[PDB]
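S.K.: Before anything else, here's the structure in question.
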RNA sequence: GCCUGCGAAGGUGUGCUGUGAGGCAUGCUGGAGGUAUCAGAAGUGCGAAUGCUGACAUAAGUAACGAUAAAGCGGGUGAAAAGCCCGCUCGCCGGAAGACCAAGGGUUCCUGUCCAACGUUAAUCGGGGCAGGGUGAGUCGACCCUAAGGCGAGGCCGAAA
RNA sequence: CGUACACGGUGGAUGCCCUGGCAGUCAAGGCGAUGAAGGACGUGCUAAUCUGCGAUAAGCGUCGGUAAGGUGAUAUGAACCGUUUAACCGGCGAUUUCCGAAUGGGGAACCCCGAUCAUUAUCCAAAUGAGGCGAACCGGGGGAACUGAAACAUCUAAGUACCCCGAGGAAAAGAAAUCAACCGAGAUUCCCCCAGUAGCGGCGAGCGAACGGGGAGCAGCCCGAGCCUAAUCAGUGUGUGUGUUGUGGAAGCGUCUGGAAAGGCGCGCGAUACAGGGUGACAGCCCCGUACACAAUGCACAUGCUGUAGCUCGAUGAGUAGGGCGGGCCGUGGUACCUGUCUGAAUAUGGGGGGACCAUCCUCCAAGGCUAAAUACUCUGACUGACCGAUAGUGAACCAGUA
């Protein structure tokens, strides 16, 4: 997701997204448990996403 | 200057007459062209110099002095490959003096 | 106004010339630049401050390792074992080299793999090097408060920390 | 074991090179309680350092530039991103946990709140100020000694070192009761000269101006009333001359040596652009760059303009002038300035000054106040230097203000 997408989303959409990404921000945490499908791309990307939307939320 | 997106033509080395594209350019001045390779032990198509030893660099180690890109003079060389989105570079490419 | 990778400056050895201070040449090497004339220039040409700094020789392969003075005989492992491990025998210490702790130090603890470095010998040993693991309390300690005493605020003093 | 040399080693000089220093020059110049500087501690898949950030942590967003290569220095392994055009460069915006001058209070970063002084005050901190930092320069005060006088108590070093308070990017001074060659000059600083003269001094050693002149820079005005409107004040609009990056940018030529020329030799060229660096060995004509060109920002000092708004009349400041006592300081001499105690005028039909006192000329008028402009340093950016070269040069060209 890019800043352009988040700005287009509504106040509720950003909330459901932050929450969806929040719920999303759970699935991962399994490497130390011995996982594989865990991707390093979104590891760092997701934290930025929930943040990007968090920044625009205040910009509004 | 020399770029990686260009084709070179040998003129001195035992690979004289071979054609190919520039693999990569090192800050050493040497240039490895797609073609000038060597036959390793287990016969693996990998460019490298001819000398005994353990671990040594790849590339056949060609020199810009014996190569042939766009030399403004009378030679035996012929056509050579060369960006376009620049626009201004297209004018020079169109001129029989530069590229 | 000249020399140079048909090779210079520098260095080593050597030949020649000058009263000399030096110039110059050859061979080896070096292998990058280096001079002569006239002219100007420089923080300019040096062995002798219990001089300053770094390096080094002779001296020396000379001096030294001493109340808890205990090791020894077999065996095991190992390429090597007089001081790694096993058994036996022989001893040391007992307010003490025993047990539990403060301060302080601080992971140095444990396991595995090694040892180039450390252990005033060697080491397959280690409080050594490398990689992991270990210190799971409401009632333990911190956290809290206070004594001698101290600090900040108001009061009062050219001025003020 | 003496001595020379040979081969090898130890060692590290020397020769060359050097991403560093040293020095000069131009430009530019403040930060913060919207809590900065600095420090602490995090942050990249691995990273121990440095740098960048800081928990959206060597990163996020927008615009513009740019460009295909990119993911800091380390060119590693793994791996990611980029044409839904990144990296990189410039500006700006968003965000920016906790502690932290924070000030609620305590405290070696941890736990609970506008602390203290002060003004206004609806006296409710309700509305505000101060409390910090910063290279030097600047202003107002306090104020030595060793030393020199080849002794030393004046003097000299000092009005320096150091200390206290404070402003700005610039301060202080200043419109003359001055100067005094003159029927004249005429606001004040600063530079040069006048002077090392006048003057001071056990007149010993030493100390040491000013007027004027030649320049730089030039601006004059305000405190009772009358009257009326273009000084001033409040506000509005808002620059010419720019900052960084990218675009318009010619150019391996020949022979020889070599692994390679930025060699030797031969030839040609740039120049309102005759710095330097990079590219496999001394390339101004290989690449960047130098003169040059263009676009993004900051500053936009000024000007214009609205409403205010001229101008006119009189006067002009006493514990002051001055005198006495005791000191400081100055080139200050009975003839500098200032502080402390005491005394104490007149008043423009007046008074002060012209380096002695008192009566007579000339000049000018204090005891109230304000005022632009002309030099400093050098953190920062850039450039330069017949400067030094890594036991040289900044202590630091290698982790250094580190071990």
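Residue numbers (the working numbering), protein chains in the order written: chain A, 12 to 71; chain B, 8 to 106. Cβ atoms here follow ideal geometry from the backbone N, Cα and C, with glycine treated the same way.
(1) Let me confirm a value: residue 92 (chain B) is counted as buried when at least 16 other C-beta atoms fall within 10 Å, else exposed. Which label applies?
(2) Given a threshold of 16 other Cβ atoms within 10 Å of its Cβ, counted over all protein chains shown, does residue 19 (chain A) qualify as buried or as exposed?
(3) Ends of the beta strand (DSSP E) at residue 26 (chain B)?
(4) Which residue marks the beginning of the beta strand (DSSP E) containing residue 4 (chain A), and which one marks its end?
(5) So, with DSSP's three-state summary, where would you put residue 50 (chain B)?
(6) Tell me whether the segment 53 to 60 of chain A and the segment 45 to 60 of chain B touch, counting them as touching only if at least three CB pairs, one residue from each stretch, are closer than 8 Å.
(7) Flag this pair as touching only if the segment 58 to 74 of chain B and the segment 15 to 24 of chain B have three or more C-beta atom pairs under 8 Å; answer yes or no.
(8) Between residue 33 (chain B) and residue 84 (chain B), what straight-line distance do the alpha-carbon atoms span, to the nearest angstrom?
(9) Can you check DSSP and say which residues form a bridge with residue 38 (chain B)?
(10) Please state the DSSP three-state secondary structure of residue 39 (chain A).
(11) In angstroms with no decimal places, state the Cα-to-Cα distance between residue 62 (chain A) and residue 94 (chain B).
M.R.: A quick look at the data gives this:
(1) exposed
(2) exposed
(3) Residue 26 (chain B): member of the beta strand (DSSP E) spanning 26 to 32, first to last residue.
(4) Summary: the structure shown does not reach residue 4 (chain A), with chain A confined to residues 12 through 71, and so no result is reported for it.
(5) coil
(6) Not touching, per the Cβ criterion.
(7) At 8 Å Cβ cutoff, the stretches touch.
(8) Cα-Cα distance, rounded: 24 Å.
(9) B:32 and B:69
(10) coil
(11) 41 Å
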